[PDB]
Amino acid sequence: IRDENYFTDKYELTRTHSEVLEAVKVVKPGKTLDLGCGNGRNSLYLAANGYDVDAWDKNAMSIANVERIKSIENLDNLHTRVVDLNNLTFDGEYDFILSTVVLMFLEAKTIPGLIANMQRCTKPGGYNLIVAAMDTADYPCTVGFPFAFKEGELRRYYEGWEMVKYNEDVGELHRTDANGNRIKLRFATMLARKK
């Protein structure tokens, strides 16, 4: 059974993102863009559960790995591209576009146009899922991500969409090791539906 441990265990990948697992409880299978699929964990999970997925990332090796796994699992509905997100414009119509812990790694000048692109390429009634680090007065960014959302910023980006889920909750960077310190910081987490 293709659940959130299947690809994780079989192919040594980071576990399917929690927010994606939550999101498939409301977003029905449909045409999907995984913008910055990383190692493909989310793209694989989704393609294996009925979604028609376009998986894009800048890392050619990860994309080759995803292609390899695609062939073994016979996932005919998973299509990959190698792409530079800081230099990207795209056309299309998707029911679902996700971007989980990707944006903070992009140049700040990239964000406004990338988000605008995500939005015009979403079908009415479609969804966008975004998870990204923040930089706020009570938790200034201590990591030095080239980009981080300010308070209310992501919300405002999506004025006119329905906020199905939205929070700027305090999270943490943690390690599974004994002497591993935990860094608190805010993350912006949004499931938005387009009107």
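Note that residue numbering follows the sequence shown and begins at 1.
When the C-alpha B-factors of 64 to 72 and 147 to 155 are averaged, 64 to 72 comes out higher. Comparing 170 to 178 with 21 to 29, the higher mean C-alpha B-factor in the PDB entry belongs to 170 to 178.
Of the candidates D34, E162, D52, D135, it is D52 whose Cα B-factor is highest according to the PDB record. Per-chain ranking of the deposited C-alpha B factor places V83 in the highest third. Among the modelled residues of its chain, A47 has a C-alpha B-factor that falls in the middle third, as given in the PDB entry.
Ranked by C-alpha B-factor against the other modelled residues of its chain, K184 falls in the middle third. Among the modelled residues of its chain, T89 has a C-alpha B-factor that falls in the middle third, as given in the PDB entry. Annotation for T122: CA B-factor lies in the middle third of the chain's modelled residues.
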